[PDB]
Each structure stands twice: as C-alpha cells, then as structure tokens.
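Here the protein sequences come in this chain order: B and A. With the first letter of the first sequence counted as 1, position 75 gets the number 75 in the authors' numbering; the numbers rise by one all the way through. With the first letter of the second sequence counted as 1, position 81 gets the number 81 in the authors' numbering; the numbers rise by one all the way through.
2 protein chains.
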Amino acid sequence: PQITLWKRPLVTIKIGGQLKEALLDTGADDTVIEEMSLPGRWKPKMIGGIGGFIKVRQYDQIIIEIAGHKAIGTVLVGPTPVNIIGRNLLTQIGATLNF
Amino acid sequence: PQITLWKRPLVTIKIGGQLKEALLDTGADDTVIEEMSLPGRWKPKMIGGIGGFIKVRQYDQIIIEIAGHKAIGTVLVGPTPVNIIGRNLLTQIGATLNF
Ligand SMILES: COc1ccc(S(=O)(=O)N(CC(C)C)C[C@@H](O)[C@H](Cc2ccccc2)NC(=O)c2ccc3c(c2)[C@@H](NC(=O)OC(C)(C)C)CCS3)cc1
Ligand SMILES: [Cl-]
Ligand SMILES: [Cl-]
Ligand code: NA
C-alpha cells in the first residue's frame, strides 16, 4: 500500500497470536512493544529517545505479522508509550519512503 | 526520490538560514529541532516520547527546505537528541510510506 502521513501510520500487527495496534516509525531503528510475554531468552538493551533512555528486553527471531506481511526478527519489550515498528522490521516488509 | 530504510533516513534541511541534518520520522507528529534561534512569536509546549517529556518552544509558520523541497509549518525547538522532521512537514513534501 501507499500510506500518507496526514494521520499517524497505525497498522495492526499480530504477535503471540494477538492483534495489537502499532506505529510504522522510520525514526526508530528497532521495534519496541509494550509489556507482553514472548518465548525464549532475552538480552538487555538500553535505547534512547526524546526524553532520555529506557531499559528493554531484547527477544530475537520472533514471528510477527505487520499489516498482513510476515516478518521474523528482533522485538524489544519495555515501557514504550506506543508500540513502534522500526526499521529492522520495516525493511523485512519492503517499506520505503517516497517523495 | 525513493529512500530505503537499511540505514537512518537522514537528509539535509535548511531552517532559519542554517543547514542541518535531520531524520525523516513517520513516528513523530511534529518537527523537533535542536536549540537554535527562530524569528517571531513562540509559546512553550511539552512533548513526550521514549524516556518521558521535554519542554520545547513552538514556533508557527516557519519555512523549511527539506531535501530541496520547501514547506511551511510549526517547528518545535528544544533539547532533542536528533533533529526530527515529523508528519506535519512530511505531508507537505508529499512523503509516503510504501510497501
Ligand atoms: C509531538 O511531536 C513529537 C512527539 C514525540 C516525538 S518522539 O521523538 O518521542 N517519537 C515519538 C514515538 C516514540 C511515538 C518519534 C520517534 O521516531 C523517535 C525519534 C527519536 C530518535 C532518536 C532520539 C530521539 C528521538 N524514536 C525513538 O523514540 C526511538 C525508538 C527506538 C530506538 C531509538 C529511537 C534509537 N535512539 C537513539 O538513537 O537515541 C539516541 C540518539 C539518544 C542515542 C535507539 C535504537 S532503537 C517526536 C515528535
Ligand atoms: Cl504545522
Ligand atoms: Cl497527499
Ligand atoms: Na511564527
């Protein structure tokens, strides 16, 4: 699809069998999701944003569908204000910016 | 142009007579620039993201040139770690997300 930016670019994602809303975010290097349970081991990561830094749990090789497109990759879980789909998964679904 | 998302989508902007590098950020509602002077009236605002909120100065009706394309809109100025071109100006240059 072609998504204009007059409203927030929100899509539905599916992770863990559950549908959630998330923001397609070209300014996020990584994907960050609100607290939820994911399988496997996690690793620590600190990420920075506008207001400072937060600690997140890094889960690798997680199956996730984004607007109907299948991806398998890293998901960070932590106290983000909104679910964010970052460039690591935007590239898996073939997204580009165009003007 | 078509910008892929393998790396951060950075572009050159011209704002207030200055050249800056900035991130094309579909996850940002508004445009946020590091500390600089701009002419005209402003009012204080709080904006929030990962890590919490920062205080900015809101300037309305500011002309920017973004990768060669002129726009006008609100610009927020304050202690952002990265210069951000948000949706309020991405719309004006015709930027879309495509996949
Ligand atoms: C109302 O207008 C706005 C309100 C909020 C914002 S925001 O900057 O808070 N943000 C809103 C989102 C969180 C809903 C836009 C977002 O694109 C932001 C845009 C952004 C980008 C970078 C920094 C601050 C904000 N990016 C990140 O928050 C973000 C997310 C994940 C990661 C990073 C940034 C990366 N952060 C980073 O490099 O931080 C340093 C620069 C401090 C080391 C680390 C890898 S993972 C912008 C405009
Ligand atoms: Cl505006
Ligand atoms: Cl349009
Ligand atoms: Na003004």
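In this text, a Cβ means the ideal position worked out from N, Cα and C, and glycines have one as well.
Own chain residues within Cβ distance below 6 Å of residue i, not counting five before or after
| i | result |
| --- | --- |
| residue 3 of chain A | 9 |
| residue 32 of chain B | 76, 80 and 84 |
| residue 21 of chain B | 10 |
Assigned exposure category for residue i - 16 Cβ within 10 Å defines buried
| i | result |
| --- | --- |
| residue 87 of chain A | buried |
| residue 47 of chain B | buried |
| residue 63 of chain A | exposed |
| residue 26 of chain B | buried |
| residue 19 of chain B | exposed |
| residue 52 of chain B | exposed |
Contacts of residue i in chain A (Cβ-Cβ under 7 Å)
| i | result |
| --- | --- |
| residue 68 of chain B | Those do not exist, as residue 68 of chain B stays about 10 Å from chain A at its closest Cβ, beyond 7 Å. |
| residue 42 of chain B | What residue 42 of chain B touches in chain A: nothing, since even the nearest Cβ is about 18 Å away. |
Residues near residue i in its chain [Cβ-Cβ closer than 8 Å; skip 5 each side]
| i | result |
| --- | --- |
| residue 41 of chain A | 59 and 60 |
| residue 93 of chain B | 66, 67, 69 and 71 |
| residue 1 of chain A | 67 |
Other residues of its chain near residue i: CB distance less than 7 Å, five sequence neighbours each side excluded
| i | result |
| --- | --- |
| residue 43 of chain B | 58 |
| residue 17 of chain B | none |
| residue 45 of chain B | 56, 58 and 76 |
Interface residues of chain B facing residue i [CB-CB closer than 7 Å]
| i | result |
| --- | --- |
| residue 100 of chain A | Nothing about residue 100 of chain A can be read from this structure; chain A reaches only from 1 to 99. |
| residue 9 of chain A | 26 and 97 |
| residue 76 of chain A | Under the 7 Å cutoff, chain B gives no residues; its nearest Cβ is about 10 Å from residue 76 of chain A. |
Per-residue contacts from residue i into chain B (C-beta, under 8 Å)
| i | result |
| --- | --- |
| residue 80 of chain A | 50 |
| residue 57 of chain A | Ordered by position in chain B, no residue passes the 8 Å Cβ test against residue 57 of chain A, which lies about 15 Å from the chain. |
Chain B contact residues for residue i, given Cβ-Cβ distances below 9 Å
| i | result |
| --- | --- |
| residue 91 of chain A | 4, 5 and 6 |
Task: Any heavy atom of ligand 2 within less than 5 Å of residue CB: hits in chain order - done: A/73, A/74 and A/88
- [ ] Counting only runs of 3+ residues fully inside the region 12-50 of chain A, write out the beta strand (DSSP E) ranges in chain order.
- [x] 18-24, 31-33 and 42-49
Task: Residues surrounding ligand 4 [beta-carbon distance to nearest heavy atom under 5 Å] - done: A/40, A/60 and A/61
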